[PDB]
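Rule-based calculations on the coordinates, nothing more; no lab input. Positions of Cβ are backbone-derived with ideal geometry, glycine not excepted, and every protein chain shown enters the neighbour counts.
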Amino acid sequence: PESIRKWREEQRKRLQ
Amino acid sequence: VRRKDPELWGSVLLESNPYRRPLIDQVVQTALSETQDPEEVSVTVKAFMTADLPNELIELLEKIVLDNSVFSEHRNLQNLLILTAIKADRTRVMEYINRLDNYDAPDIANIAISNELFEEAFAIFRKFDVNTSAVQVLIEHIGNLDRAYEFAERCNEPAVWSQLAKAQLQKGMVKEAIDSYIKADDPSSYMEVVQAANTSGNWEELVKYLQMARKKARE
Amino acid sequence: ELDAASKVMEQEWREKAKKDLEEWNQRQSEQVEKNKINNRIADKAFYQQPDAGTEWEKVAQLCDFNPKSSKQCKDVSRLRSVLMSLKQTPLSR
Amino acid sequence: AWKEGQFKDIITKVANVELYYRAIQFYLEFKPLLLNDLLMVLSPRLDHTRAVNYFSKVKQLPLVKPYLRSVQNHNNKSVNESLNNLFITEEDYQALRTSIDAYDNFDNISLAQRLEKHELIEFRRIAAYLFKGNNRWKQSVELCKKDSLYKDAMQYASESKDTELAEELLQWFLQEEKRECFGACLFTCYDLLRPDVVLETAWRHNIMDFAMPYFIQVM
Amino acid sequence: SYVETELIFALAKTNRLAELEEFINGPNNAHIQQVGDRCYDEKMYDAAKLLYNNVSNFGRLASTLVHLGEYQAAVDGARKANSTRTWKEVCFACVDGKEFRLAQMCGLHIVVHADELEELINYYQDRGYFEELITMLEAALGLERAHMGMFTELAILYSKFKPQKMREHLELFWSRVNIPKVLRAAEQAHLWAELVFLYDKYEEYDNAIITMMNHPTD
Amino acid sequence: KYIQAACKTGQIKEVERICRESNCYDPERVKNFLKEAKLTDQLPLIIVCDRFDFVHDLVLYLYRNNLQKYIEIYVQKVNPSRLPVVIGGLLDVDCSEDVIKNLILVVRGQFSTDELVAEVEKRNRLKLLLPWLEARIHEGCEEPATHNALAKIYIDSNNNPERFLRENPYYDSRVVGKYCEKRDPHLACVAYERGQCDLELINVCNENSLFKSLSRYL
């Protein structure tokens, strides 16, 4: 399902 | 463990030190650290046997070292555990038999039947498919025909049927001794059957026995 | 006071354990009931409408000696039966 | 002073086996959700027979079902019996077949006598399978004859490889109007029947059936 | 032998199994394993199965069982073959078929190797089945030949996929895992709450004080 | 044709000699005729087969038809140097391990150690050489081949083999370090320290390992 999108987005938002 | 010395184990194991149980509970885990050769293990177990340790001290060491480790050999590891569990007179003998291979079965079976443990020898004979030596001991010690009949029905061997017929003759069951010989085709010992038939008129089943023995022993 | 607090926590853990055991038992009972419903549905599906020149065809359908029967022992009688079934196969209409 | 994340590894480093039972009791009392993981990590040094006995005394077999199925690879009698009882309770008939085909260290006669009274078709079929596997020929066929009249007991009579068994099926198909499967019964039991008496009973002794392809293959 | 070889080849061409299964059980005296290659070369399945059955050639039967569709028989053949390629093919087939009950069982004998773990990770990342990979790697503790890379990748996945469970595994297997492969992943994750602890465990006081000065919040 | 004439009346003693003496014939047709016409006492093939290296099918044929004394008398008298090949062939069909463990206890003549450990590593069945290694170390075999394999088995035994590395100087540090490089460098450090492999120590520790070991060793 190409979960890499959320994989990166959630982590980047949490870090920011 | 490192400095192998039977005199040291003899001087330490004298029931004087109140901390012998913690020493055993530490050495049971320390002995696995060597993992180099069974010579040191042999020296330690010889010192233990000479020190005359009570039960539940050596068989536990054997159960820990033989299972889930490297020392799974058979260099005197057959009697050292089974005979100790028999001397302890507990149910651990069955678990040790079911979790061991490459062991001398007839010797330990004779040692068991010499003692009060008989079910262990029966399980040993069932594992190695020794039907005759199991039925013979079952008849000599207990003589439970209800179990021997089922054991003979399970397998199929003329020697087993002959032993069952002999056991039934020992109990005076002439009616079953003919059925135990039809499936065996054993013409021997017909003189004893004829002598036992004279004690009680049963000339209806001996006819088939003699007719079948005619085709096996032309007497 | 710490021992009293530990006893209170032990009682709370026992209550939570009883609750969890009851929940697991309820889930197991629900699963068993679902399996029993499925078995009843399968038993109801077992009911069909069979009988007590289509007779030969129905007997063949019941006992078709398909060449797939070669998985059994290589008995000469089985080979003769398979040959007879192949010879009777043209009777299917 | 309890931490599961460390206990799950510390419990596997003990010397004795009573602590395994103490941990099992703790898990049954407080946290049964990790009992499966505890049993799976303690299995290399846990006595499965006493564990199954304790689980039967506390009646928690459905909660240890997966661990029992995993231990089943060791062919334990008590584990096999517990799994069979659980499959019977859950109305399963595939796991029972898998267990009886993979392992045989259990009493098939008692299980068959229990399944034959459960009113289920699959259970009585498994019972007949066990009976035919226990060399109880001419008995499982008569048992399944009550229901397996749609060309199923014929297969058992054929694989029995015995005589004077298919003749009874032929006589039953001739006394009652069931001559439709007479040819199928002849074809399946080709090596166990005699064409002479078969044709005689099929033509002169009872209702004049043809049964010609059988005699054609005989020719 | 060449005659029977070409005969069974022609039978596999037209899928005449009804007589192929009889010719195999008889005195064929042909060259086995030669037509089984052309079975998958020419894409002719359901024929090499009977070839490999009567010869006990576990290791190549799985190549046909993958395309056949059955997964229980694939595991039953892999447990008899015990070859890395067979286990890897069975795991790839189970991943393609969305199977997870046998996937962990077949990967238990794959995670033992270090190179194959990266292949498994690459296979599970492109499919998105991270939960199945985590559940398969959880059983790595109950093994007898585990190495550093297994727990290293497990801690990496915990730091990247399950942050609520990475603390316990990190505090437990801190000495077993390698230093750089975990620190690089933690820096890529920008988790400053554990970098200082990891630097103190490996006596990296410089990178510890630098991180504490740059992030004195927690 | 002489071999065929030797099959009309029993002359098996005259067939084993010409197979070794003569070297100008096609062994394919010879072995085909031998496998076709059963001599009921045939052992010329158990020589010419390994003479031309076609035992991959001979082992399978012996395992299928009957295995009583053929391989036994072969390893005893004919050629004990092909024991690992026969063991690998028997492991291909996954036979009983007790049979192999009993066969390896028989005395040997010409034999190679590395060829057996290579096969048991390819089969991932290193738990079968334990009694043979025990017998070798009991007899007093001071060979690096008989100790390196035991060290690798201890590595795979999921224990802490630190005393065995610091006390046994017989094994080779290179193999133990290369095998334990990707698995556990902490033991490879001690292995290279006992073997005095400074370049290997550098190439292993400086890549991915702890730096305090080099600081304490140099």
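Condition (residue is within 23 Å of E:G142 (Cβ to Cβ), under 33 Å from the mean Cα position of the chain (by Cα), surrounded by fewer than 18 Cβ atoms within 10 Å (Cβ to Cβ) and more than 14 Å from chain C (Cβ to nearest Cβ)) applied to segment D:9-25: is it met by at least one residue?
Within segment D:9-25 (the criterion being within 23 Å of E:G142 (Cβ to Cβ), under 33 Å from the mean Cα position of the chain (by Cα), surrounded by fewer than 18 Cβ atoms within 10 Å (Cβ to Cβ) and more than 14 Å from chain C (Cβ to nearest Cβ)), the answer is yes, since at least one residue qualifies.
Considering D:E168, D:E164, which residue is more than 11 Å from chain C (Cβ to nearest Cβ), under 36 Å from the mean Cα position of the chain (by Cα) and in a loop (DSSP other than H, G, I, E, B)?
Only one candidate qualifies: D:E164.
Sort out which residues of segment D:52-61 are within 14 Å of chain B (Cβ to nearest Cβ) and either surrounded by fewer than 17 Cβ atoms within 10 Å (Cβ to Cβ) or within 20 Å of D:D9 (Cα to Cα) (or both), and write them in order of number.
D:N53 - this is the single residue of segment D:52-61 that is within 14 Å of chain B (Cβ to nearest Cβ) and either surrounded by fewer than 17 Cβ atoms within 10 Å (Cβ to Cβ) or within 20 Å of D:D9 (Cα to Cα) (or both).
Identify all residues within segment B:33-48 that are under 19 Å from F:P161 (Cα atoms) and either more than 14 Å from chain D (Cβ to nearest Cβ) or crowded, with 18+ Cβ neighbours inside 10 Å (or both); write none if there are none.
Within segment B:33-48, B:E34, B:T35, B:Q36, B:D37, B:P38, B:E39, B:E40, B:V41 meet the criteria.
Looking only at helices (runs of 4 or more DSSP H) that lie completely in segment E:135-195, which have at least 2 residues being within 14 Å of chain F (Cβ to nearest Cβ)?
Filter on segment E:135-195 gives E:148-160, E:179-189.
For segment B:49-60, what are the residues that are more than 26 Å from the chain's Cα centre (by Cα) and surrounded by 14 or more Cβ atoms within 10 Å (Cβ to Cβ)?
B:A51
Within segment F:59-109, considering only helices (runs of 4 or more DSSP H) that don't extend past its boundaries, which have at least 3 residues that are surrounded by 12 or more Cβ atoms within 10 Å (Cβ to Cβ) and within 14 Å of chain E (Cβ to nearest Cβ)?
F:83-92
Here is a list of conditions, (1) in contact with an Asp or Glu (Cβ under 8 Å, 6 or more places away or on another chain); (2) more than 14 Å from chain E (Cβ to nearest Cβ); (3) part of a helix (DSSP H, G or I), and D:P44 meets all of them except one; can you say which number that is?
Single failed check for D:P44: (2).
Tally up the residues in segment B:33-46 that are more than 30 Å from the chain's Cα centre (by Cα) and among the basic types (K, R), please.
The total comes to 0.
Let me confirm something: among C:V82, C:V76, which residue is surrounded by 10 or more Cβ atoms within 10 Å (Cβ to Cβ), in contact with a helix residue (DSSP H, G or I) (Cβ under 9 Å, 6 or more places away or on another chain) and under 26 Å from D:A211 (Cβ atoms)?
C:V82
Kindly evaluate D:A184 against the criterion of being at the interface with chain C (Cβ under 8 Å from one of its Cβ atoms), of a type in the set (G, A, S) and crowded, with 20+ Cβ neighbours inside 10 Å.
So D:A184 passes the test.
Which of (1) more than 20 Å from D:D92 (Cα to Cα); (2) part of a loop (DSSP other than H, G, I, E, B); (3) among the charged types (D, E, K, R) is the odd one out, the single condition D:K117 does not satisfy?
Single failed check for D:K117: (1).
Residues of segment F:70-84 being among the hydrophobic types (A, V, I, L, M, F, W, C) and within 14 Å of F:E16 (Cα to Cα), which ones?
Listed by number, the list holds a single entry, F:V78.
Scan F:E167, F:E121, F:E181, F:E207 and give me the residue that is at negative phi, more than 14 Å from chain E (Cβ to nearest Cβ) and acidic (D, E).
F:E167
Just the residues that are crowded, with 16+ Cβ neighbours inside 10 Å and either within 20 Å of the chain's Cα centre (by Cα) or acidic (D, E) (or both), please, taken from segment F:158-175.
Within segment F:158-175, F:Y171, F:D172, F:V175 meet the criteria.
Only residues that are within 34 Å of the chain's Cα centre (by Cα) and within 14 Å of another protein chain (Cβ to nearest Cβ): list them for segment B:2-32, please.
Selection gives B:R21, B:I24, B:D25, B:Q26, B:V27, B:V28, B:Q29, B:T30, B:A31, B:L32.
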